[PDB]
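The structure tokens that follow cover one protein chain in two forms, given apart as structure 1 and structure 2.
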Structure 1
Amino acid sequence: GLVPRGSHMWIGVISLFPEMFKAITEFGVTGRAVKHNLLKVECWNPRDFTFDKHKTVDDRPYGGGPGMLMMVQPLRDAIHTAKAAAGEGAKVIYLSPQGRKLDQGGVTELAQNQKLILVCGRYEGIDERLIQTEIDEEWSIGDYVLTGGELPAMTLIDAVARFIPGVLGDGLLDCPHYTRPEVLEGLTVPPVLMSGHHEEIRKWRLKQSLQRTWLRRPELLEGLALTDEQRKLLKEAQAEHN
């Protein structure tokens, strides 16, 4: 083993649909991280924490209306069981539309936790008091309406898994990518990429990355003090663009 013990990442998941998480535990990079014991994902289903005959996991809101909520007791007890399995040091995160917006900076923070517990909401969500009593942080992957927190949870897992030691193995938008063939339906590859001049290629790729970031996500540049070369190349691209 090249990777030290205690650097593996453990992620507890609370969800009404545990089998959804096969999408990340059995495929791609995260699937290989699980297979090589670098990442462990353990799911608990609130349905297993009910006591009525029909395993009711939703409840009606105080004040009335069609907006169903997750039943507090089965959800709370699932979280407590996850906390027990995790031991001390587990951060409990609720995937939530009203959470702090997830960005790469936020991902970097969350990835510093060896133990995470992710709570996935269904219906209209969870009781507000559970957030105060059980939840440490709320996070959102975007401003749009979904039907569950499972997909955002898997997104979070996918993003933090890249930080696990032993996996593979800088946040700015990528330069345009080119692979075979040399001419695709009449469209040619930029000659510099065919040139074999790797110092020229390096400068070109960096410049194209800065320009594209500037044009499509200028906000990403607002939290960075760019290097002298990057500032020089960006200024060139800005002048050439206009």
Structure 2
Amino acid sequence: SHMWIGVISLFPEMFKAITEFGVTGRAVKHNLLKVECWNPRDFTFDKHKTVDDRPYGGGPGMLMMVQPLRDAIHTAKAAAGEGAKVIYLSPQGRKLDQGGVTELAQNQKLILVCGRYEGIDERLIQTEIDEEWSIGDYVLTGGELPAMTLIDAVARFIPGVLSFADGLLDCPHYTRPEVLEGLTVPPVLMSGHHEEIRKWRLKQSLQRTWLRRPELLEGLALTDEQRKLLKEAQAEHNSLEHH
């Protein structure tokens, strides 16, 4: 495969969401993407296969038990061999964005550690984790959805698998029928004028980014054409009434 992803999770079956459906599912079946899981529960030795433990200092909540998690990570690393970057999904990590996605996609092998409960022992992050990554400034019940989000995002960059690509939001899209609940498709999109359509899409992207995410535009070096189309969109905006 082009990319191999090792996963450490108490719920391996959750990953069927990406390995059995859609473009990511096709990529897996076609060996373009490989997702292999290791479950800490399989590395426990007590009668009840305990995978959590008490946090020192008290306070509510539990943490992932160290030994089972550590052993699971070691096994994954052994299978991945040298060169596999180990990532821990955490809201305290680097916030994921398209730039980070392209960076991550440069790796041939990745091992994703998914926590549960209140998280994992800080010392494991220091001794076993290479990088911490967050999918957003919000808290989820576990690292599985974040891991799948990361896998899905990077998979789009694997040759054969298939906004922010140019630092801009995407333009509106339209399909049949020509008229929907009284709303028509913009005439230009049905003119067959390839060049005019290209400009419409670019101008729409610029206008939408300016109106919805003006911050994204600031840290962007626009081409001469982009500067022109944006100025046109803003002039058009200033010639109209607004709510």
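Throughout, residue numbering runs from 1 along the sequence of structure 1. The term rigid core refers to the most C-alpha atoms you can superpose between the two forms while keeping them within 1.5 Å.
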For this session: Would you tell me if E19 moves between the two structures by 2 Å or more at its C-alpha, with the rigid core held superposed?
Result: no
Problem set entry | Rigid-core-superposed Cα shift at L233 between the two structures, Å | 0.6
Seminar exercise, completed: Using a rigid core superposition, the C-alpha offset of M194 between the two structures in Å is 1.3
